[PDB]
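Structural description and commentary
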Amino acid sequence: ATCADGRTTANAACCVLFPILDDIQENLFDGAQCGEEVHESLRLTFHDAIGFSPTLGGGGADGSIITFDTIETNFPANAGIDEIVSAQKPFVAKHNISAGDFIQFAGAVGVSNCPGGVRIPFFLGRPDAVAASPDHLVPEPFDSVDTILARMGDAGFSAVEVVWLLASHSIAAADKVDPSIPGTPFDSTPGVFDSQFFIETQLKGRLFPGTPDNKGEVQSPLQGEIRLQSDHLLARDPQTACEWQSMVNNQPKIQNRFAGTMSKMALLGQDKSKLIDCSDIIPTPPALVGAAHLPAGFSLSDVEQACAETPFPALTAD
Ligand code: HEM
Ligand SMILES: [Ca+2]
Ligand SMILES: [Ca+2]
Ligand SMILES: [Zn+2]
Ligand SMILES: [Zn+2]
Ligand SMILES: [Zn+2]
(Lines give C-alpha, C1' and ligand atoms only; values in the text may rest on other atoms or scores of the structure.)
(Ligands and ions follow the chains in the order given, each with its own letter.)
Protein backbone atom coordinates (compact mmCIF):
# COMPACT_ATOMS: atom_id res chain seq x y z
CA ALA A 1 0.00 0.00 0.00
CA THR A 2 0.98 3.58 -0.59
CA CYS A 3 0.35 6.10 2.17
CA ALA A 4 -0.71 9.72 1.70
CA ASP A 5 2.90 10.95 1.70
CA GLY A 6 4.17 8.35 -0.73
CA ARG A 7 5.81 6.00 1.78
CA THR A 8 4.84 2.36 1.39
CA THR A 9 3.77 -0.43 3.77
CA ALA A 10 2.27 -3.90 3.26
CA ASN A 11 -0.91 -3.01 5.11
CA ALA A 12 -2.62 0.35 4.70
CA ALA A 13 -3.76 0.36 8.35
CA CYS A 14 -0.09 0.86 9.23
CA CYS A 15 0.10 4.26 7.51
CA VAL A 16 -1.00 5.96 10.73
CA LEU A 17 2.37 5.04 12.20
CA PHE A 18 4.50 7.08 9.78
CA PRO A 19 3.83 10.48 11.39
CA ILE A 20 4.38 8.88 14.80
CA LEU A 21 7.72 7.47 13.63
CA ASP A 22 8.86 10.87 12.43
CA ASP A 23 7.77 12.61 15.61
CA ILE A 24 9.51 10.22 17.95
CA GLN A 25 12.69 9.97 15.94
CA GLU A 26 13.11 13.72 16.17
CA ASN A 27 11.57 14.60 19.52
CA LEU A 28 12.10 11.50 21.64
CA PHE A 29 15.33 10.08 20.13
CA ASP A 30 17.26 13.31 19.42
CA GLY A 31 17.24 12.81 15.67
CA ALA A 32 17.26 9.00 15.44
CA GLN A 33 20.13 8.35 17.84
CA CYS A 34 20.79 5.31 20.04
CA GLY A 35 21.06 7.29 23.24
CA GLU A 36 19.41 7.92 26.58
CA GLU A 37 15.81 7.86 25.44
CA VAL A 38 16.25 4.70 23.38
CA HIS A 39 17.75 2.99 26.41
CA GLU A 40 14.93 4.20 28.65
CA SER A 41 12.21 3.36 26.13
CA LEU A 42 13.63 -0.16 25.73
CA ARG A 43 13.59 -0.62 29.51
CA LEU A 44 10.00 0.66 29.48
CA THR A 45 8.92 -2.08 27.08
CA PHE A 46 10.04 -4.62 29.68
CA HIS A 47 8.59 -2.85 32.71
CA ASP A 48 5.27 -2.59 30.91
CA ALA A 49 5.23 -6.15 29.52
CA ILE A 50 6.58 -8.09 32.48
CA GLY A 51 3.60 -6.98 34.59
CA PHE A 52 1.95 -10.23 33.64
CA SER A 53 1.42 -13.22 35.90
CA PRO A 54 -1.20 -15.96 35.50
CA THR A 55 -1.32 -16.20 39.26
CA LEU A 56 -1.03 -12.56 40.28
CA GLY A 57 -2.61 -10.65 37.36
CA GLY A 58 -1.56 -7.75 35.18
CA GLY A 59 -2.17 -7.41 31.48
CA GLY A 60 1.36 -7.52 30.11
CA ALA A 61 2.24 -5.28 27.17
CA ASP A 62 -0.85 -3.13 27.65
CA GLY A 63 0.39 0.38 28.34
CA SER A 64 -0.59 0.08 31.99
CA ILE A 65 2.64 1.75 33.13
CA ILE A 66 1.39 4.92 31.37
CA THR A 67 -2.39 4.56 31.85
CA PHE A 68 -1.96 3.68 35.53
CA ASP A 69 1.22 5.65 36.05
CA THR A 70 0.03 7.00 39.39
CA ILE A 71 0.21 3.47 40.77
CA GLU A 72 3.01 1.84 38.80
CA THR A 73 5.60 4.62 38.82
CA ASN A 74 5.64 4.38 42.62
CA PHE A 75 6.81 0.73 42.69
CA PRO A 76 10.46 0.50 43.88
CA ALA A 77 11.56 -1.48 40.82
CA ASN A 78 10.20 1.32 38.62
CA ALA A 79 12.71 3.69 40.16
CA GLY A 80 13.81 6.00 37.40
CA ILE A 81 11.25 4.91 34.87
CA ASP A 82 9.12 7.75 35.68
CA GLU A 83 11.07 10.21 33.49
CA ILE A 84 10.50 8.24 30.29
CA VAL A 85 6.84 7.62 31.18
CA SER A 86 6.35 11.38 31.50
CA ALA A 87 8.18 11.95 28.23
CA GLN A 88 6.09 9.40 26.31
CA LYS A 89 2.70 10.51 27.61
CA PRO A 90 2.27 13.58 25.39
CA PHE A 91 3.01 11.50 22.28
CA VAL A 92 0.29 9.07 23.22
CA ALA A 93 -2.12 11.95 23.80
CA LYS A 94 -1.42 13.59 20.45
CA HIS A 95 -1.33 10.57 18.09
CA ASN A 96 -4.43 8.39 18.66
CA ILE A 97 -2.49 5.18 19.30
CA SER A 98 -3.02 3.03 22.42
CA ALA A 99 -0.40 3.41 25.11
CA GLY A 100 0.47 -0.28 24.82
CA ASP A 101 1.09 0.05 21.11
CA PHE A 102 3.07 3.26 21.62
CA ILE A 103 5.43 1.75 24.20
CA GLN A 104 6.30 -1.20 21.98
CA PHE A 105 6.53 0.96 18.86
CA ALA A 106 8.89 3.44 20.50
CA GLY A 107 11.04 0.61 21.82
CA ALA A 108 11.30 -1.01 18.40
CA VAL A 109 11.99 2.28 16.63
CA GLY A 110 14.65 3.11 19.21
CA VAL A 111 16.49 -0.20 18.95
CA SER A 112 16.57 0.23 15.17
CA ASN A 113 18.77 3.32 15.63
CA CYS A 114 21.53 1.27 17.23
CA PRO A 115 24.35 -0.08 15.05
CA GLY A 116 24.23 -3.87 15.13
CA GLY A 117 20.58 -3.67 16.07
CA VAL A 118 17.46 -5.39 14.84
CA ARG A 119 13.99 -4.57 13.58
CA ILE A 120 11.77 -6.05 16.30
CA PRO A 121 8.45 -7.31 14.85
CA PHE A 122 5.74 -4.77 15.60
CA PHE A 123 1.97 -5.35 15.72
CA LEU A 124 -0.73 -2.67 15.96
CA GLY A 125 -4.06 -2.76 17.77
CA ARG A 126 -3.67 -3.40 21.52
CA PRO A 127 -6.74 -2.29 23.49
CA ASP A 128 -6.31 0.20 26.29
CA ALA A 129 -5.19 -1.26 29.64
CA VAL A 130 -7.85 -2.24 32.15
CA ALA A 131 -5.79 -2.95 35.27
CA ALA A 132 -2.55 -1.81 36.83
CA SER A 133 0.29 -4.26 37.11
CA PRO A 134 0.75 -5.74 40.56
CA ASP A 135 3.93 -4.66 42.34
CA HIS A 136 6.89 -7.04 42.64
CA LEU A 137 6.70 -8.39 39.08
CA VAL A 138 9.84 -6.64 37.77
CA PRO A 139 13.12 -8.46 38.51
CA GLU A 140 15.61 -6.62 40.73
CA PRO A 141 19.42 -6.74 40.46
CA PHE A 142 19.66 -8.20 43.97
CA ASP A 143 17.28 -11.06 43.11
CA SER A 144 18.84 -14.51 42.83
CA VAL A 145 19.09 -16.40 39.57
CA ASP A 146 16.42 -18.77 40.85
CA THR A 147 14.11 -15.86 41.67
CA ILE A 148 14.69 -14.14 38.33
CA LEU A 149 14.24 -17.32 36.31
CA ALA A 150 11.08 -18.19 38.24
CA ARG A 151 9.59 -14.72 37.65
CA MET A 152 10.50 -14.67 33.97
CA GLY A 153 9.29 -18.25 33.66
CA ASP A 154 5.98 -17.27 35.27
CA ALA A 155 5.55 -14.74 32.47
CA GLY A 156 6.41 -17.42 29.88
CA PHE A 157 10.19 -17.19 29.29
CA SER A 158 12.65 -20.04 29.43
CA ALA A 159 16.08 -19.59 30.98
CA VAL A 160 17.76 -19.24 27.59
CA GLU A 161 15.19 -16.59 26.62
CA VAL A 162 16.17 -14.55 29.69
CA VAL A 163 19.79 -14.57 28.49
CA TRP A 164 18.65 -13.53 25.02
CA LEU A 165 16.57 -10.65 26.35
CA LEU A 166 19.55 -9.43 28.40
CA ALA A 167 21.23 -8.46 25.15
CA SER A 168 19.29 -5.25 25.96
CA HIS A 169 22.01 -4.53 28.53
CA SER A 170 24.37 -3.98 25.58
CA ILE A 171 22.56 -0.63 25.05
CA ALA A 172 21.89 0.40 28.62
CA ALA A 173 22.94 2.40 31.65
CA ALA A 174 22.06 2.75 35.33
CA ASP A 175 20.94 5.92 37.03
CA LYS A 176 19.61 4.61 40.35
CA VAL A 177 21.81 1.63 41.29
CA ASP A 178 24.56 4.05 42.27
CA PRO A 179 23.08 7.55 42.19
CA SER A 180 26.55 9.10 42.58
CA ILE A 181 27.38 7.98 39.02
CA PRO A 182 24.18 8.28 37.01
CA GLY A 183 24.32 7.28 33.36
CA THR A 184 27.01 4.64 33.79
CA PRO A 185 26.65 1.92 31.13
CA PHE A 186 26.66 -1.83 31.49
CA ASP A 187 29.11 -2.23 28.60
CA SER A 188 31.74 -0.11 26.94
CA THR A 189 29.56 0.43 23.87
CA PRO A 190 26.12 1.62 25.10
CA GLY A 191 25.35 3.05 21.66
CA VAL A 192 26.11 -0.24 19.87
CA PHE A 193 24.01 -3.40 20.00
CA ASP A 194 26.86 -5.90 20.25
CA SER A 195 28.30 -8.69 22.34
CA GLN A 196 30.51 -6.45 24.50
CA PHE A 197 28.06 -6.80 27.40
CA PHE A 198 28.39 -10.62 27.39
CA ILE A 199 32.20 -10.34 27.25
CA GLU A 200 32.65 -7.64 29.86
CA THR A 201 30.32 -9.22 32.41
CA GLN A 202 32.53 -12.34 32.23
CA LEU A 203 35.68 -10.43 33.22
CA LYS A 204 37.07 -10.47 36.71
CA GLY A 205 35.78 -7.48 38.63
CA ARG A 206 38.38 -4.89 39.64
CA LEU A 207 36.77 -1.80 41.14
CA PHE A 208 33.60 -0.01 42.14
CA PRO A 209 33.06 2.84 39.66
CA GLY A 210 31.33 5.02 42.25
CA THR A 211 30.64 4.18 45.88
CA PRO A 212 31.47 0.74 47.26
CA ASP A 213 28.29 -0.61 48.93
CA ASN A 214 25.21 -0.36 46.70
CA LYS A 215 22.56 -3.03 46.81
CA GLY A 216 22.50 -5.13 43.66
CA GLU A 217 25.93 -3.98 42.45
CA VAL A 218 29.23 -5.86 42.30
CA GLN A 219 32.68 -4.78 41.11
CA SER A 220 33.12 -3.75 37.51
CA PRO A 221 36.19 -4.49 35.37
CA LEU A 222 36.34 -0.90 34.08
CA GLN A 223 36.01 2.63 35.37
CA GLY A 224 32.98 4.04 33.66
CA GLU A 225 31.08 0.74 33.60
CA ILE A 226 28.76 -0.60 36.28
CA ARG A 227 28.00 -4.25 36.95
CA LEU A 228 24.77 -5.63 38.34
CA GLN A 229 24.87 -8.53 40.76
CA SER A 230 22.17 -10.27 38.69
CA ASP A 231 24.20 -10.04 35.50
CA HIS A 232 27.31 -11.24 37.35
CA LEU A 233 25.41 -14.28 38.58
CA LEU A 234 23.63 -15.07 35.31
CA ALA A 235 26.98 -15.06 33.49
CA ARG A 236 28.40 -17.63 35.95
CA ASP A 237 25.57 -19.79 37.32
CA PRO A 238 25.44 -23.31 35.87
CA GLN A 239 21.85 -22.80 34.69
CA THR A 240 22.71 -19.93 32.35
CA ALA A 241 26.49 -19.63 31.95
CA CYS A 242 26.81 -21.73 28.81
CA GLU A 243 24.08 -19.78 27.05
CA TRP A 244 25.64 -16.50 28.17
CA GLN A 245 29.02 -17.43 26.73
CA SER A 246 27.41 -18.62 23.50
CA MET A 247 26.41 -15.00 22.81
CA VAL A 248 30.05 -13.81 22.82
CA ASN A 249 31.21 -12.87 19.32
CA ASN A 250 27.95 -14.30 17.98
CA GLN A 251 26.27 -11.27 16.54
CA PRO A 252 23.84 -13.25 14.33
CA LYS A 253 22.57 -15.13 17.37
CA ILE A 254 22.22 -11.99 19.48
CA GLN A 255 20.26 -10.39 16.63
CA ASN A 256 17.95 -13.31 15.89
CA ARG A 257 17.23 -14.25 19.48
CA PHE A 258 16.75 -10.70 20.75
CA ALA A 259 14.31 -9.82 17.99
CA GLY A 260 12.28 -12.97 18.39
CA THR A 261 12.17 -12.89 22.17
CA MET A 262 11.34 -9.16 22.19
CA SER A 263 8.42 -9.90 19.88
CA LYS A 264 7.20 -12.48 22.39
CA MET A 265 7.62 -9.97 25.20
CA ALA A 266 5.81 -7.23 23.24
CA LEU A 267 2.85 -9.57 22.86
CA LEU A 268 2.46 -10.66 26.51
CA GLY A 269 -1.22 -10.39 27.40
CA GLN A 270 -2.13 -9.93 23.71
CA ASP A 271 -3.24 -12.13 20.82
CA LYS A 272 -1.28 -11.58 17.65
CA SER A 273 -4.20 -12.82 15.53
CA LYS A 274 -6.24 -9.77 16.55
CA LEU A 275 -3.48 -7.31 15.69
CA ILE A 276 -2.07 -6.06 12.39
CA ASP A 277 1.51 -6.67 11.36
CA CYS A 278 3.23 -3.27 10.92
CA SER A 279 6.78 -4.52 11.13
CA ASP A 280 7.85 -2.76 7.94
CA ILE A 281 7.30 0.69 9.47
CA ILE A 282 10.27 0.12 11.78
CA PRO A 283 13.51 1.48 10.28
CA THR A 284 16.34 -0.72 9.05
CA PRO A 285 19.12 -0.73 11.64
CA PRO A 286 22.72 0.11 10.77
CA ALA A 287 25.27 -2.67 10.64
CA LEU A 288 27.47 -3.38 13.60
CA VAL A 289 30.36 -1.15 14.14
CA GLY A 290 33.42 -2.57 15.80
CA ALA A 291 33.98 -6.23 16.61
CA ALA A 292 34.10 -8.31 19.75
CA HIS A 293 37.17 -7.63 21.81
CA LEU A 294 38.64 -7.66 25.25
CA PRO A 295 39.22 -4.18 26.65
CA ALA A 296 42.64 -2.66 26.05
CA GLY A 297 45.27 -4.14 28.33
CA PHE A 298 43.18 -7.20 29.23
CA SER A 299 43.93 -10.80 28.33
CA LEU A 300 42.09 -14.09 28.30
CA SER A 301 43.25 -14.83 31.83
CA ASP A 302 41.00 -11.95 32.97
CA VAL A 303 37.96 -13.94 31.79
CA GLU A 304 36.15 -16.02 34.43
CA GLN A 305 35.23 -18.96 32.27
CA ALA A 306 32.04 -20.58 33.53
CA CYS A 307 31.01 -23.04 30.79
CA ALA A 308 32.66 -26.39 31.52
CA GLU A 309 31.86 -27.78 28.09
CA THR A 310 33.11 -25.05 25.85
CA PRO A 311 36.13 -22.83 26.35
CA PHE A 312 35.63 -19.08 26.07
CA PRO A 313 36.52 -17.90 22.58
CA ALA A 314 40.01 -16.53 21.95
CA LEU A 315 39.33 -12.81 21.65
CA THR A 316 42.05 -10.24 21.28
CA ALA A 317 42.33 -7.00 23.25
CA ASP A 318 42.01 -3.55 21.74
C1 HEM B 1 16.45 -10.32 33.83
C2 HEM B 1 16.43 -9.45 34.84
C3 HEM B 1 16.78 -7.97 34.76
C4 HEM B 1 17.25 -7.24 35.77
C5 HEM B 1 17.50 -7.67 37.21
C6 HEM B 1 17.49 -5.91 35.28
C7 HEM B 1 17.94 -4.83 36.02
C8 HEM B 1 18.20 -3.56 35.56
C9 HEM B 1 18.66 -2.45 36.34
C10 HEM B 1 18.91 -2.50 37.85
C11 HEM B 1 18.85 -1.41 35.53
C12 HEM B 1 19.34 -0.01 35.90
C13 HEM B 1 18.20 0.87 36.38
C14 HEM B 1 18.75 2.18 36.90
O15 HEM B 1 19.36 2.15 37.99
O16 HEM B 1 18.60 3.22 36.21
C17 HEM B 1 18.49 -1.83 34.20
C18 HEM B 1 18.51 -1.04 33.06
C19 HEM B 1 18.05 -1.40 31.80
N20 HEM B 1 17.40 -2.58 31.52
FE21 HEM B 1 17.50 -4.30 32.66
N22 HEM B 1 17.15 -5.87 33.95
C23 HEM B 1 16.66 -7.11 33.61
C24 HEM B 1 16.13 -7.42 32.37
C25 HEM B 1 15.93 -6.56 31.31
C26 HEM B 1 15.24 -6.89 30.10
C27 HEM B 1 14.58 -8.23 29.84
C28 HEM B 1 15.25 -5.80 29.33
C29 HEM B 1 14.65 -5.75 27.94
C30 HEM B 1 14.09 -4.70 27.39
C31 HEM B 1 15.98 -4.76 30.02
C32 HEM B 1 16.36 -3.55 29.53
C33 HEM B 1 17.08 -2.58 30.17
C34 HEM B 1 17.58 -1.38 29.57
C35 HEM B 1 17.53 -1.01 28.11
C36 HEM B 1 18.18 -0.62 30.62
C37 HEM B 1 18.87 0.72 30.51
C38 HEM B 1 18.00 1.87 31.01
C39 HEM B 1 18.70 3.19 30.92
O40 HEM B 1 19.70 3.38 30.26
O41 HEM B 1 18.17 4.11 31.68
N42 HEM B 1 16.36 -5.25 31.24
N43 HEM B 1 18.08 -3.14 34.24
CA1 LIG C 1 1.75 -3.49 31.72
CA1 LIG D 1 27.06 -2.49 23.57
ZN1 LIG E 1 18.14 13.26 24.46
ZN1 LIG F 1 16.84 9.96 31.32
ZN1 LIG G 1 22.00 -21.51 40.42
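About the thresholds
- Residues numbered from 1 in each chain as written, not as in the entry; some residues may be left out.
- Chains lettered and ligands numbered in written order.
- Heavy atoms only, no water.
- Helix = DSSP H or I, 4+ residues; strand = E, 2+ residues; numbered from the N terminus.
- Contact = heavy atoms within 4.5 Å.
- Domains from an automatic or database assignment.
- Buried area = accessible area lost by both parts, 1.4 Å probe.
- Salt bridge = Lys/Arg side-chain N within 4 Å of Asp/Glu carboxyl O.

As summarised from the PDB record, the model derives from X-ray crystallography at a stated resolution of 1.099 Å.

With the PDB entry as reference, the chain is termed VERSATILE PEROXIDASE I, source organism Pleurotus ostreatus. Per the header of the deposited record, the title is "Crystal Structure of Fungal Versatile Peroxidase I from Pleurotus ostreatus - Crystal Form II".

Tracing the chain through its elements places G63 in the loop between α2 (36–49) and α3 (64–67). Along the backbone, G63 and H47 are 16 residues apart, and their C-alpha atoms lie at a distance of 9.8 Å. Ignoring sequence-local partners within four residues, the contact set of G63 consists of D48, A99, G100, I103 and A129.

What the domain assignment reports for the chain is domain 1 (1–138 + 250–289) and domain 2 (139–249 + 290–318). Domain 1 and domain 2 are separated by 24 Å when their C-alpha centres are compared. At the interface, 36 residues of domain 1 touch 31 residues of domain 2. Both faces combined, the contact of domain 1 with domain 2 buries some 2,700 Å², and carbon together with sulfur accounts for 64% of it. The tally of links from domain 1 across to domain 2 stands at 2 salt bridges. Close ionic contact of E161 with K264 constitutes a salt bridge, the shortest N to O distance being 3.0 Å.

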